[PDB]
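Here is the file target_23.txt (compact mmCIF, C-alpha atoms and all ligand atoms).
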```
# COMPACT_ATOMS: atom_id res chain seq x y z
CA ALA A 890 -124.80 34.91 -68.02
CA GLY A 891 -128.57 34.78 -68.50
CA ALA A 892 -131.44 32.57 -69.59
CA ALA A 893 -130.45 29.41 -71.43
CA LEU A 894 -130.67 29.56 -75.23
CA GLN A 895 -130.93 26.42 -77.34
CA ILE A 896 -128.31 25.64 -79.98
CA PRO A 897 -127.54 22.50 -82.02
CA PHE A 898 -124.47 20.71 -80.70
CA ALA A 899 -122.58 20.87 -84.00
CA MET A 900 -122.69 24.67 -84.15
CA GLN A 901 -121.50 24.93 -80.55
CA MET A 902 -118.60 22.62 -81.38
CA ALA A 903 -117.83 24.78 -84.42
CA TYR A 904 -117.73 27.85 -82.19
CA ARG A 905 -115.40 26.03 -79.80
CA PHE A 906 -112.97 25.19 -82.60
CA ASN A 907 -113.24 28.75 -83.92
CA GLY A 908 -112.24 30.02 -80.48
CA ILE A 909 -108.87 28.24 -80.42
CA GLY A 910 -107.80 29.48 -83.86
CA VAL A 911 -108.82 26.58 -86.10
CA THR A 912 -111.47 27.66 -88.59
CA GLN A 913 -114.91 26.04 -88.52
CA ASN A 914 -114.34 24.63 -92.02
CA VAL A 915 -112.23 21.83 -90.52
CA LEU A 916 -114.82 20.41 -88.12
CA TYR A 917 -117.77 20.12 -90.51
CA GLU A 918 -115.83 17.78 -92.83
CA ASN A 919 -114.58 15.42 -90.09
CA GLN A 920 -117.61 14.87 -87.85
CA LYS A 921 -117.45 11.06 -87.89
CA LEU A 922 -113.77 10.88 -86.96
CA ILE A 923 -114.25 13.26 -84.04
CA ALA A 924 -117.29 11.35 -82.78
CA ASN A 925 -115.47 8.01 -82.96
CA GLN A 926 -112.38 9.40 -81.21
CA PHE A 927 -114.50 10.97 -78.46
CA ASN A 928 -116.44 7.75 -77.84
CA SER A 929 -113.28 5.63 -77.80
CA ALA A 930 -111.57 8.04 -75.40
CA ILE A 931 -114.48 8.12 -72.96
CA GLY A 932 -114.74 4.33 -73.02
CA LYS A 933 -111.00 4.03 -72.42
CA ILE A 934 -111.11 6.44 -69.47
CA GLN A 935 -114.07 4.56 -67.97
CA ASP A 936 -112.13 1.29 -68.26
CA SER A 937 -109.01 2.91 -66.78
CA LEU A 938 -110.95 4.15 -63.75
CA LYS B 1038 -112.24 37.77 -70.46
CA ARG B 1039 -112.48 35.07 -67.78
CA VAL B 1040 -116.13 34.35 -67.02
CA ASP B 1041 -117.59 35.52 -63.70
CA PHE B 1042 -114.25 36.55 -62.18
CA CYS B 1043 -115.77 39.95 -61.36
CA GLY B 1044 -119.50 40.34 -61.95
CA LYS B 1045 -122.19 38.00 -63.25
CA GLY B 1046 -122.36 38.24 -67.04
CA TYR B 1047 -120.26 40.09 -69.57
CA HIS B 1048 -118.07 42.68 -67.87
CA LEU B 1049 -117.65 46.29 -69.02
CA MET B 1050 -116.23 48.49 -66.24
CA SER B 1051 -115.61 48.63 -62.51
CA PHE B 1052 -115.36 51.41 -59.92
CA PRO B 1053 -113.53 51.14 -56.58
CA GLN B 1054 -114.62 52.63 -53.27
CA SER B 1055 -113.14 52.71 -49.78
CA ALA B 1056 -114.47 51.28 -46.52
CA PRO B 1057 -113.37 51.50 -42.86
CA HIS B 1058 -111.27 48.33 -43.28
CA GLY B 1059 -111.95 47.14 -46.80
CA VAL B 1060 -112.76 47.85 -50.42
CA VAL B 1061 -116.05 47.96 -52.34
CA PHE B 1062 -116.31 47.20 -56.05
CA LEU B 1063 -119.08 48.39 -58.38
CA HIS B 1064 -119.16 46.17 -61.46
CA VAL B 1065 -121.07 47.15 -64.61
CA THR B 1066 -122.43 44.16 -66.53
CA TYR B 1067 -124.13 43.55 -69.88
CA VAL B 1068 -127.05 41.10 -69.99
CA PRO B 1069 -129.00 40.14 -73.14
CA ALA B 1070 -132.74 39.52 -73.03
CA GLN B 1071 -135.93 39.37 -75.13
CA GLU B 1072 -134.88 36.45 -77.33
CA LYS B 1073 -136.69 34.76 -80.22
CA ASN B 1074 -136.89 31.54 -82.24
CA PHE B 1075 -135.09 31.05 -85.55
CA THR B 1076 -134.26 28.23 -87.96
CA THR B 1077 -130.56 27.79 -88.71
CA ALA B 1078 -128.31 25.95 -91.17
CA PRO B 1079 -124.58 25.10 -91.11
CA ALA B 1080 -123.64 26.15 -94.66
CA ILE B 1081 -125.14 27.24 -97.98
CA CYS B 1082 -124.88 25.29 -101.23
CA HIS B 1083 -124.73 27.33 -104.43
CA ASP B 1084 -123.62 26.28 -107.92
CA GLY B 1085 -121.86 23.24 -106.46
CA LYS B 1086 -119.87 25.27 -103.92
CA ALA B 1087 -120.21 25.42 -100.14
CA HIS B 1088 -120.28 28.79 -98.38
CA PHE B 1089 -119.61 29.31 -94.66
CA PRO B 1090 -120.02 32.56 -92.69
CA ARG B 1091 -116.99 34.62 -91.74
CA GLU B 1092 -118.09 35.80 -88.28
CA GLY B 1093 -121.77 35.16 -87.63
CA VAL B 1094 -124.51 32.61 -88.21
CA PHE B 1095 -127.12 31.88 -90.86
CA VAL B 1096 -130.74 32.35 -89.77
CA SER B 1097 -134.05 32.21 -91.60
CA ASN B 1098 -137.30 33.82 -90.48
CA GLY B 1099 -139.17 31.30 -92.64
CA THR B 1100 -138.78 32.32 -96.28
CA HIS B 1101 -135.45 34.14 -96.65
CA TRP B 1102 -132.00 33.65 -95.15
CA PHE B 1103 -129.65 36.13 -93.48
CA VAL B 1104 -126.33 36.29 -91.64
CA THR B 1105 -126.32 37.82 -88.15
CA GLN B 1106 -123.90 38.11 -85.27
CA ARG B 1107 -124.33 35.74 -82.34
CA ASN B 1108 -125.16 38.15 -79.51
CA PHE B 1109 -127.45 40.57 -81.38
CA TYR B 1110 -130.07 40.46 -84.12
CA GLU B 1111 -129.66 42.66 -87.20
CA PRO B 1112 -130.31 40.71 -90.42
CA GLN B 1113 -128.10 41.43 -93.43
CA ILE B 1114 -128.39 40.34 -97.04
CA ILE B 1115 -126.11 37.41 -97.82
CA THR B 1116 -123.25 38.41 -100.11
CA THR B 1117 -119.99 36.92 -101.39
CA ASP B 1118 -117.80 39.22 -99.26
CA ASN B 1119 -119.04 38.30 -95.76
CA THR B 1120 -118.82 34.55 -96.50
CA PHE B 1121 -116.08 32.22 -97.69
CA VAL B 1122 -116.06 29.09 -99.83
CA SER B 1123 -114.16 25.85 -99.21
CA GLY B 1124 -114.72 22.86 -101.49
CA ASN B 1125 -117.90 21.36 -102.87
CA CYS B 1126 -120.85 20.50 -100.62
CA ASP B 1127 -121.40 16.75 -100.79
CA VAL B 1128 -120.21 15.56 -97.35
CA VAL B 1129 -121.42 18.41 -95.10
CA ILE B 1130 -124.59 17.53 -93.17
CA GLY B 1131 -127.43 20.05 -92.97
CA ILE B 1132 -126.81 21.79 -96.29
CA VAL B 1133 -129.64 23.78 -97.90
CA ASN B 1134 -129.96 25.08 -101.46
CA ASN B 1135 -130.15 28.84 -102.03
CA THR B 1136 -128.65 31.70 -104.04
CA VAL B 1137 -125.81 34.05 -103.09
CA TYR B 1138 -125.88 37.69 -104.20
CA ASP B 1139 -122.76 39.51 -105.37
CA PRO B 1140 -122.22 43.19 -106.24
CA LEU B 1141 -119.68 42.86 -109.05
CA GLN B 1142 -121.93 41.16 -111.62
CA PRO B 1143 -124.77 43.73 -111.39
CA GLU B 1144 -122.15 46.49 -111.16
CA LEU B 1145 -120.46 45.59 -114.45
CA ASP B 1146 -123.70 46.13 -116.39
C1 LIG C 1201 -105.88 11.05 -88.91
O1 LIG C 1201 -105.92 10.19 -87.77
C2 LIG C 1201 -107.07 9.34 -87.73
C3 LIG C 1201 -107.00 8.60 -86.41
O2 LIG C 1201 -105.69 8.64 -85.86
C4 LIG C 1201 -107.07 8.41 -88.94
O3 LIG C 1201 -108.25 7.62 -88.93
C5 LIG C 1201 -107.88 6.22 -88.87
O4 LIG C 1201 -107.24 5.79 -90.08
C6 LIG C 1201 -106.84 4.41 -90.05
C7 LIG C 1201 -106.10 4.14 -91.34
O5 LIG C 1201 -106.84 3.27 -92.18
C8 LIG C 1201 -108.05 3.51 -89.86
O6 LIG C 1201 -107.63 2.16 -89.75
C9 LIG C 1201 -108.82 3.91 -88.60
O7 LIG C 1201 -110.02 3.16 -88.50
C10 LIG C 1201 -109.15 5.40 -88.63
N1 LIG C 1201 -109.81 5.81 -87.40
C11 LIG C 1201 -111.03 6.35 -87.38
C12 LIG C 1201 -111.56 6.70 -86.02
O8 LIG C 1201 -111.68 6.54 -88.40
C13 LIG C 1201 -107.02 9.24 -90.22
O9 LIG C 1201 -106.91 8.38 -91.35
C14 LIG C 1201 -105.85 10.21 -90.19
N2 LIG C 1201 -105.86 11.06 -91.37
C15 LIG C 1201 -104.75 11.54 -91.94
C16 LIG C 1201 -104.95 12.40 -93.15
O10 LIG C 1201 -103.63 11.30 -91.49
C1 LIG C 1202 -138.83 37.30 -93.60
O1 LIG C 1202 -138.05 38.44 -93.93
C2 LIG C 1202 -138.18 38.85 -95.30
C3 LIG C 1202 -137.22 40.00 -95.50
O2 LIG C 1202 -137.74 41.21 -94.97
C4 LIG C 1202 -139.64 39.23 -95.59
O3 LIG C 1202 -139.78 39.50 -96.98
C5 LIG C 1202 -140.20 40.87 -97.18
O4 LIG C 1202 -141.46 41.15 -96.55
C6 LIG C 1202 -141.89 42.51 -96.71
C7 LIG C 1202 -143.17 42.66 -95.92
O5 LIG C 1202 -142.90 42.96 -94.55
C8 LIG C 1202 -142.07 42.83 -98.19
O6 LIG C 1202 -142.43 44.20 -98.34
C9 LIG C 1202 -140.78 42.54 -98.96
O7 LIG C 1202 -140.99 42.71 -100.35
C10 LIG C 1202 -140.31 41.11 -98.68
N1 LIG C 1202 -139.06 40.83 -99.37
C11 LIG C 1202 -137.90 41.48 -99.13
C12 LIG C 1202 -136.73 41.03 -99.96
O8 LIG C 1202 -137.81 42.37 -98.30
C13 LIG C 1202 -140.57 38.08 -95.21
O9 LIG C 1202 -141.92 38.50 -95.33
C14 LIG C 1202 -140.31 37.63 -93.78
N2 LIG C 1202 -141.13 36.48 -93.45
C15 LIG C 1202 -142.15 36.54 -92.58
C16 LIG C 1202 -142.90 35.26 -92.36
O10 LIG C 1202 -142.45 37.58 -92.01
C1 LIG C 1203 -133.11 16.79 -87.24
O1 LIG C 1203 -133.80 15.69 -86.65
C2 LIG C 1203 -134.94 15.26 -87.41
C3 LIG C 1203 -135.60 14.15 -86.62
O2 LIG C 1203 -135.12 12.88 -87.03
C4 LIG C 1203 -134.52 14.83 -88.81
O3 LIG C 1203 -135.69 14.55 -89.57
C5 LIG C 1203 -135.51 13.36 -90.37
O4 LIG C 1203 -135.06 13.70 -91.69
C6 LIG C 1203 -134.86 12.57 -92.55
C7 LIG C 1203 -134.31 13.11 -93.85
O5 LIG C 1203 -134.31 14.53 -93.86
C8 LIG C 1203 -136.16 11.80 -92.72
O6 LIG C 1203 -135.93 10.64 -93.51
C9 LIG C 1203 -136.72 11.40 -91.36
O7 LIG C 1203 -137.99 10.79 -91.51
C10 LIG C 1203 -136.84 12.62 -90.45
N1 LIG C 1203 -137.31 12.24 -89.13
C11 LIG C 1203 -138.56 12.46 -88.71
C12 LIG C 1203 -138.87 12.00 -87.32
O8 LIG C 1203 -139.40 13.01 -89.41
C13 LIG C 1203 -133.71 15.92 -89.50
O9 LIG C 1203 -133.18 15.45 -90.73
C14 LIG C 1203 -132.57 16.38 -88.60
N2 LIG C 1203 -131.84 17.47 -89.22
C15 LIG C 1203 -130.57 17.35 -89.63
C16 LIG C 1203 -129.96 18.57 -90.26
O10 LIG C 1203 -129.94 16.31 -89.50
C1 LIG C 1204 -130.29 21.00 -104.24
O1 LIG C 1204 -129.77 21.03 -105.57
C2 LIG C 1204 -129.22 19.77 -106.01
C3 LIG C 1204 -128.64 20.00 -107.38
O2 LIG C 1204 -129.62 20.50 -108.28
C4 LIG C 1204 -130.30 18.69 -105.99
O3 LIG C 1204 -129.71 17.44 -106.35
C5 LIG C 1204 -130.55 16.77 -107.31
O4 LIG C 1204 -131.71 16.20 -106.68
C6 LIG C 1204 -132.59 15.53 -107.59
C7 LIG C 1204 -133.79 15.09 -106.78
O5 LIG C 1204 -133.39 14.48 -105.56
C8 LIG C 1204 -131.86 14.38 -108.26
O6 LIG C 1204 -132.73 13.76 -109.21
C9 LIG C 1204 -130.61 14.88 -108.96
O7 LIG C 1204 -129.87 13.79 -109.48
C10 LIG C 1204 -129.74 15.67 -107.98
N1 LIG C 1204 -128.56 16.20 -108.66
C11 LIG C 1204 -128.60 17.08 -109.67
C12 LIG C 1204 -127.27 17.50 -110.22
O8 LIG C 1204 -129.65 17.52 -110.12
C13 LIG C 1204 -130.93 18.60 -104.60
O9 LIG C 1204 -132.02 17.68 -104.62
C14 LIG C 1204 -131.42 19.97 -104.15
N2 LIG C 1204 -131.99 19.90 -102.81
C15 LIG C 1204 -131.30 19.56 -101.72
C16 LIG C 1204 -132.07 19.55 -100.43
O10 LIG C 1204 -130.11 19.26 -101.75
```

Reformat the file's structure so that it appears as structure tokens.
Amino acid sequence: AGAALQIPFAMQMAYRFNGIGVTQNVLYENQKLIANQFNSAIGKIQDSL
Amino acid sequence: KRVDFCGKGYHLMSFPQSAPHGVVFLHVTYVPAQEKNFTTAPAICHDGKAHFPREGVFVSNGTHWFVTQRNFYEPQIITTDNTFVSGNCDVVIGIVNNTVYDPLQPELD
């Protein structure tokens, strides 16, 4: 909707959780689990394809 | 609420008009501009407790910290009523030490 504005990835992810109804408190305390799950899922989908 | 369904940017209003064999839409759109740089932080540590913003974001012009809304810039003094606490800050990454003002303690004097 305009010129691009920089933002750290963690805060964008926090906004995305806040959008769906889960408060941002949850994400900041489980960063490692989310990162590991995301990496495993993307590797699995690559292997499946 | 869907992005770019009618108009480019945030949508406010629309006006219809007729044509010989069609319709013409006038969309009114809101576009931000004239941005700036700021230094952020995820949460604030104070007296062993971690404070998060309610609806906004922590910014710092260089010496002091403030909470502002995402799409506009009006700094406000950090208080204990526009933020909320959840647990102690020892696992959060990006924490910064600072103080949190409250009205009740100065009021009681
Ligand atoms: C929530 O689920 C995650 C993943 O399903 C759990 O994390 C795993 O926990 C097991 C149990 O020891 C470990 O063997 C795995 O290595 C963990 N995975 C990762 C990616 O860390 C987590 O323990 C669950 N938490 C709760 C409270 O149920
Ligand atoms: C960042 O903002 C703070 C808050 O306004 C500034 O601190 C004030 O600066 C003014 C001068 O413009 C003084 O009169 C005030 O006494 C200062 N304190 C407060 C609480 O208002 C600070 O100067 C700003 N930083 C920079 C680099 O401009
Ligand atoms: C943002 O990235 C920078 C770049 O690595 C981080 O700076 C490092 O900070 C650690 C401890 O604070 C130092 O030991 C490193 O030497 C720093 N790196 C450099 C290149 O100077 C910074 O910590 C990151 N910010 C956050 C919140 O993680
Ligand atoms: C924020 O405050 C905490 C608590 O005072 C600081 O943690 C202390 O840091 C010093 C120096 O690294 C250690 O010697 C102490 O053992 C730490 N704990 C306590 C209870 O004093 C912390 O360094 C401050 N700064 C940051 C960036 O967290």

Counting all atoms listed in the file, chain A residues within 8 Å of chain B, as a list in words: residues 890, 891, 892, 900, 914, 917 and 918 of chain A

Given 6 Å and only C-alpha atoms and all ligand atoms, residues near ligand LIG 1201 (chain C) as a ChimeraX atom specification: /A:922,925-926

Based on the selection just made, write C-alpha atoms of those residues as a CSV table (one decimal), keeping the file's coordinate frame.
```csv
chain,number,residue,atom,x,y,z
A,922,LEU,CA,-113.8,10.9,-87.0
A,925,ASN,CA,-115.5,8.0,-83.0
A,926,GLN,CA,-112.4,9.4,-81.2
```

Close residues to ligand LIG 1202 (chain C) using all atoms listed in the file, limit 10 Å, as a ChimeraX atom specification: /B:1097-1103,1112-1114

Within-10 Å residues of ligand LIG 1204 (chain C), basis only C-alpha atoms and all ligand atoms, as a list in words: residues 1082, 1083, 1084, 1085, 1126, 1127, 1131, 1132, 1133, 1134 and 1135 of chain B

Counting only C-alpha atoms and all ligand atoms, what are the residues of chain A within 12 Å of ligand LIG 1203 (chain C), and for each of them which pair of atoms is the nearest and at what distance in Å, to one decimal? Sort the table by chain and rising number, as a Markdown table.
```
| residue | atom | partner | partner_atom | distance |
| --- | --- | --- | --- | --- |
| A:897 | CA | C:LIG1203 | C16 | 9.4 |
| A:898 | CA | C:LIG1203 | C16 | 11.2 |
| A:899 | CA | C:LIG1203 | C16 | 9.9 |
| A:900 | CA | C:LIG1203 | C16 | 11.3 |
```

Å distance separating CA of residue 1125 in chain B from CA of residue 912 in chain A, one decimal place: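 Separation between CA of residue 1125 in chain B and CA of residue 912 in chain A: 16.9 Å.
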
Coordinates-based distance that separates CA of residue 1108 in chain B from CA of residue 1048 in chain B (Å, one decimal): 14.4 Å

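When CA of residue 1051 in chain B is paired with CA of residue 1063 in chain B, their separation reads 5.4 Å.
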
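Proximity of B:1105, B:1054, B:1119, B:1076 to residue 1138 in chain B, computed with all atoms listed in the file, is greatest for B:1119.
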
Shell around residue 1141 in chain B at 12 Å using only C-alpha atoms, local window under 6 positions removed, as a VMD selection string: chain B and resid 1116 to 1118
